[PDB]
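A short write-up of the structure that comes next.
Hydrogens, waters and symmetry mates play no part in the numbers below; they use all other heavy atoms, side chains included. In this chain, residues are counted from 1 in sequence order.
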Amino acid sequence: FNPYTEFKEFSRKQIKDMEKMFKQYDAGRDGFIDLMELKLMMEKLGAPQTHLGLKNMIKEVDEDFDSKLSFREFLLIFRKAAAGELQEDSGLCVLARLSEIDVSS
Ligand SMILES: [Ca+2]
Ligand SMILES: [Ca+2]
């Protein structure tokens, strides 16, 4: 997986920032963000989401159906944000917003 070739709508700086955020919250260092890790992320961003909200966030981008997020799937959150596909103030909209990445730039 070369993210730089799949996600050309983002600069190298933006992808590296997304990587830093991903790695920050992958507490277990296994290369994925699972439900509890995402729960902790949203708490720390200051916008805790409900259990179902969290589950639904993962479902929106969980392209290989394993119920956790790889880095590529994490980038899909930002791709969806940038494509105008996220519902206003849904959990993923909030994640992208509160993150240091502004996909509208
Ligand atoms: Ca993990
Ligand atoms: Ca997955």
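The backbone N or O of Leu52 sits less than 3.5 Å from a side-chain atom of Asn56, completing a donor-acceptor pair. A donor-acceptor contact shorter than 3.5 Å is absent between the side chain of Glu6 and the backbone of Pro3. Of the possible donor and acceptor atoms, none in the side chain of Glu60 sits under 3.5 Å from a partner among the backbone N and O of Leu92. Under a 3.5 Å cut-off, the side chain of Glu37 and the backbone N or O of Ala27 do form a donor-acceptor pair. For the pair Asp62 (side chain) and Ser67 (backbone), a donor-acceptor distance under 3.5 Å is present.
The side-chain heavy atoms of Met36 and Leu40, taken from C-beta on, include no pair separated by under 4.5 Å. Counting only heavy atoms from C-beta outward, the side chains of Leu45 and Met21 approach each other to under 4.5 Å. Between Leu69 and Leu76 there is no side-chain heavy-atom pair separated by less than 4.5 Å. Considering only heavy atoms from C-beta on, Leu75 comes within 4.5 Å of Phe1 through its side chain.
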Exercise. Run the side-chain contact (heavy atoms from CB on, under 4.5 Å) check on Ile15 and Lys20 step by step: do they pass?
Worked result: CA-CA 9 Å; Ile15 293 165; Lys20 286 154 47 227; over 6 Å; no
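The distance from atom CZ of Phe7 to atom CZ of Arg72, rounded to the nearest 0.5 Å, is 5.5 Å. The structure places CG of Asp64 at 6.0 Å from OG of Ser70, a figure rounded to the nearest 0.5 Å. Note: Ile58 CD1 to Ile33 CD1 = 8.5 Å, rounded to the nearest 0.5 Å. For the atom pair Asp17 CG and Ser11 OG, the distance stands at 7.5 Å (nearest 0.5 Å). In this structure, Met18 CE and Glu100 CD are separated by 12.0 Å, a value rounded to the nearest 0.5 Å.
Residues passing the side chain to side chain contact (heavy atoms under 4.5 Å, CB included) test with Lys23 are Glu19, sequence neighbours excluded. Every residue meeting the side chain to side chain contact (heavy atoms under 4.5 Å, CB included) condition with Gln49, not counting sequence neighbours, appears here in chain and number order: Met42, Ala47, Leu54, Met57, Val94. Residues satisfying the side chain to side chain contact (heavy atoms under 4.5 Å, CB included) criterion with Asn2, sequence neighbours excluded, are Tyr4, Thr5. Applying the side chain to side chain contact (heavy atoms under 4.5 Å, CB included) criterion to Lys68, with sequence neighbours excluded, gives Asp30, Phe32, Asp34, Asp66.
Sorted by first and then second residue, the pairs that involve residues 51-100 and meet ring-ring contact (aromatic ring centres under 6.0 Å, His included), not counting sequence neighbours, are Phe22-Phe71, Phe22-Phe74, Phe74-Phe78. Within the structure, side-chain hydrogen bond (donor to acceptor under 3.5 Å, both in side chains) pairs that include any residue of residues 77-98 comprise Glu9-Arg79 (at least two apart or interchain).
When all heavy atoms of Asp26 and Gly31 are compared, the pair lying nearest together is OD2-N, 2.7 Å. In this structure, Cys93 and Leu86 approach most closely via the heavy-atom pair N-CD1, 3.8 Å.
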